[PDB]
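Remarks on the structure that follows.
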Amino acid sequence: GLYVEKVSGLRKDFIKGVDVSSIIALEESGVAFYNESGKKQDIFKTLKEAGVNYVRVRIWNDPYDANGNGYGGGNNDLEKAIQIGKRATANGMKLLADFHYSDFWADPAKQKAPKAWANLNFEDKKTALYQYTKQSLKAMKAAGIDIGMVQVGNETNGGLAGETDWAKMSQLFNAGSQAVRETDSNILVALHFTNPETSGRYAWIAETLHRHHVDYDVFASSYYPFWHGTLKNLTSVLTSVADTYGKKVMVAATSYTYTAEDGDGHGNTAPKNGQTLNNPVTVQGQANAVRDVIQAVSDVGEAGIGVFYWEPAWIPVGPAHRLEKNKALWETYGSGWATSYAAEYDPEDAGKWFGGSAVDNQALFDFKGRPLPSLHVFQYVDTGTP
Ligand SMILES: OC[C@H]1O[C@@H](O[C@@H]2[C@H](O)[C@@H](O)[C@H](O[C@@H]3[C@H](O)[C@@H](O)[C@H](O)O[C@@H]3CO)O[C@@H]2CO)[C@H](O)[C@@H](O)[C@H]1O
Ligand SMILES: [Ca+2]
């Protein structure tokens, strides 16, 4: 069925990554994954066979209330990062450790200090950040994990760990980078931004990072085609960073919709009125979208090192008609994007929107955990379809 056009100029060592941070909370909710032969299999094995070479995991400092009730979103702490890391390593895939330096979702709107850092002055918060990263990386190495890359922050467009001043953010970037450098010289340090479509944003950020002497290897970007402008633009803003500053570049988070259907009863992020949808909302469309983002980063040349698909397997804990039954699983295991317990930390967003998966229709597995044809995109970019 599926067609993929060969990506031209694609380097043989290109990073083909997935962020599957929700996997632990989902397996705990009784969710199962399959190979294309239709038998139960560890998702990491199926990912490997599909030609994935890299796993990304989000790390929240303390994603739990005082009583240890998970904030949800996969309840992603260091302990789960090690679980995920061990499995990735066991399956021949390198790890990208994605430190949010927050107790919950870090994005362009939300960059809240971890609860433990809330009353620290800047010096002490900075050494806490450095100390946390170093300790976290030591634990992962101790677990035998193959770490390829560390992301110091996540979509830090406007802040980091409670800080909004770019001179302060830069010192924080350097605190984390320092920990990585001390751990292993071979680990790539990524910084991760989003909204590449914004006029002169990435030029400004890269210049600011340079002026503040931030030590990093990779300038990473999000790319969701619904809001983030053109592939031509993406290539262009990343090429400018690569050429001007001598940085590697990559896409740290990308996805597309394979269906318009909501598989679990919790409203999905996309597709929606007003979003740019250049591809059909189908398995083929989804594969086109992934192949094209890979093309756009490859087109950067030497410096374009990879693409990570964000959450290819945040599938339903159960069908949409059993919404209220699903809610119990989301609430107990944190297998939706947020639980009600996160209202303490994030009242404005998680407080009003808490629930299930907002991205089940952007998975590369169906609602029942079988791989979609579009999962083959990681192999077929090298060769094209027959
Ligand atoms: O469910 C339909 C509604 O979804 C709302 O989106 C919610 C939050 O506003 C949104 O921030 C959250 O996104 C999560 C996280 O904050 C973000 O950084 C990451 O990329 O995605 C996470 C979810 O996968 O998602 C929830 C979804 O309930 C919309 O704001 C609203 O318009 C409506 O469609
Ligand atoms: Ca949903």
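By convention here, the chains of the structure tokens are called A, B, ... in the order presented, each chain's residues are numbered starting at 1, and ligands are numbered starting at 1 in the order presented.
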*Would you return as a PyMOL selection string the members of region 1-247 of chain A that DSSP assigns to helix (DSSP H, G or I) on this structure's backbone?*
chain A and resi 23-28+43-49+78-90+115-117+122-142+166-183+201-211+231-245
Per residue of region 36-80 of chain A within 9 Å of region 342-359 of chain A, what are the shortest atom pair and its distance in Å to one decimal, counting only C-alpha atoms, with rows by chain and residue number, as a Markdown table?
```
| residue | atom | partner | partner_atom | distance |
| --- | --- | --- | --- | --- |
| A:63 | CA | A:342 | CA | 8.1 |
| A:64 | CA | A:342 | CA | 7.7 |
| A:65 | CA | A:342 | CA | 7.4 |
| A:69 | CA | A:342 | CA | 8.8 |
| A:70 | CA | A:342 | CA | 7.6 |
| A:71 | CA | A:342 | CA | 4.4 |
| A:72 | CA | A:342 | CA | 7.4 |
| A:73 | CA | A:357 | CA | 8.6 |
```
_Nearest candidate to residue 253 (chain A) (options A:47, A:55, A:128, A:203; using only C-alpha atoms)_ = A:55
*For residue 95 (chain A): contacts at 6 Å, only C-alpha atoms, fewer than 6 positions along chain excluded, given as a PyMOL selection string*: chain A and resi 54-56+147-148
Preceding selection exported with N, CA and C atoms as an mmCIF file, in the first residue's frame:
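Contents of the output file again-v3.cif:
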```cif
data_model
loop_
_atom_site.group_PDB
_atom_site.id
_atom_site.type_symbol
_atom_site.label_atom_id
_atom_site.label_comp_id
_atom_site.auth_asym_id
_atom_site.auth_seq_id
_atom_site.Cartn_x
_atom_site.Cartn_y
_atom_site.Cartn_z
ATOM 1 N N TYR A 54 17.328 5.640 17.743
ATOM 2 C CA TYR A 54 17.418 6.673 18.777
ATOM 3 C C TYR A 54 16.100 6.833 19.471
ATOM 4 N N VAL A 55 16.169 6.969 20.785
ATOM 5 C CA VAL A 55 14.982 7.160 21.615
ATOM 6 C C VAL A 55 15.166 8.437 22.425
ATOM 7 N N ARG A 56 14.112 9.241 22.492
ATOM 8 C CA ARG A 56 14.117 10.481 23.283
ATOM 9 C C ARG A 56 13.186 10.298 24.450
ATOM 10 N N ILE A 147 23.997 6.739 26.152
ATOM 11 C CA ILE A 147 23.480 8.084 25.935
ATOM 12 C C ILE A 147 24.221 8.758 24.779
ATOM 13 N N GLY A 148 23.477 9.115 23.733
ATOM 14 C CA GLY A 148 24.048 9.832 22.592
ATOM 15 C C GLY A 148 23.984 11.349 22.682
#
```
Spatial neighbours of residue 100 (chain A), 6 Å, only C-alpha atoms, chain gap at least 6 places, as an mmCIF file with N, CA, C and O atoms, in the first residue's frame:
```cif
data_model
loop_
_atom_site.group_PDB
_atom_site.id
_atom_site.type_symbol
_atom_site.label_atom_id
_atom_site.label_comp_id
_atom_site.auth_asym_id
_atom_site.auth_seq_id
_atom_site.Cartn_x
_atom_site.Cartn_y
_atom_site.Cartn_z
ATOM 1 N N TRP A 60 11.019 15.078 33.947
ATOM 2 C CA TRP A 60 10.529 16.089 34.900
ATOM 3 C C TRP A 60 11.147 15.827 36.266
ATOM 4 O O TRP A 60 11.279 14.666 36.686
ATOM 5 N N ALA A 106 7.326 21.463 29.955
ATOM 6 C CA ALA A 106 8.006 22.692 29.551
ATOM 7 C C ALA A 106 7.798 22.962 28.046
ATOM 8 O O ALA A 106 8.225 22.164 27.209
ATOM 9 N N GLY A 153 16.952 21.668 28.556
ATOM 10 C CA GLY A 153 15.687 22.385 28.380
ATOM 11 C C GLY A 153 14.908 21.886 27.174
ATOM 12 O O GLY A 153 15.448 21.205 26.291
ATOM 13 N N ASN A 154 13.636 22.256 27.138
ATOM 14 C CA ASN A 154 12.693 21.839 26.116
ATOM 15 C C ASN A 154 11.859 23.052 25.640
ATOM 16 O O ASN A 154 11.094 23.629 26.415
#
```
*Within 7 Å of residue 241 (chain A), counting only C-alpha atoms, which residues show up once you throw out same-chain ones fewer than 4 positions away? Write them as a PyMOL selection string, please.*
chain A and resi 203+206+237+245+247
Output file for the residues above (N, CA, C and O atoms, as a compact mmCIF listing (two decimals), in the first residue's frame):
```txt
# COMPACT_ATOMS: atom_id res chain seq x y z
N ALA A 203 17.52 33.30 14.34
CA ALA A 203 18.68 34.20 14.16
C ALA A 203 18.99 34.95 15.44
O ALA A 203 20.14 35.03 15.88
N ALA A 206 20.17 32.28 18.29
CA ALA A 206 21.51 31.76 18.03
C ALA A 206 22.60 32.80 18.27
O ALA A 206 23.64 32.48 18.84
N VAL A 237 16.06 28.51 8.07
CA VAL A 237 16.44 29.01 9.41
C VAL A 237 17.48 28.12 10.10
O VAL A 237 18.40 28.62 10.77
N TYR A 245 27.08 29.73 12.93
CA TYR A 245 27.63 29.39 14.24
C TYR A 245 28.37 28.03 14.29
O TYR A 245 28.99 27.69 15.31
N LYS A 247 27.10 24.93 14.04
CA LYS A 247 26.33 24.04 14.89
C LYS A 247 25.74 22.91 14.07
O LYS A 247 25.48 23.06 12.89
```
*asked:* Residues within 12 Å of residue 9 (chain A), please, as a PyMOL selection string. Count only C-alpha atoms; anything in the same chain fewer than 6 positions from it doesn't count.
replied: chain A and resi 294-302+304+381-383
*Which residue, A:21, A:332, A:164, A:268, has the smallest gap to ligand 1 when you use only C-alpha atoms and all ligand atoms?*
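Result for the nearest residue to ligand 1: A:268.
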*Within 10 Å of residue 328 (chain A), counting only C-alpha atoms, which residues qualify if same-chain residues fewer than 6 places away don't, as a list in words?*
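Returned residues: residues 29, 334, 339 and 355 of chain A.
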*A:341, A:365, A:314, A:256: which is nearest ligand 2, counting only C-alpha atoms and all ligand atoms?*
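Smallest distance to ligand 2 is found for A:314.
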*Between A:75, A:131, A:254, A:83, single out the one closest to residue 16 (chain A), counting only C-alpha atoms.*
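For residue 16 (chain A), the nearest of the given residues is A:254.
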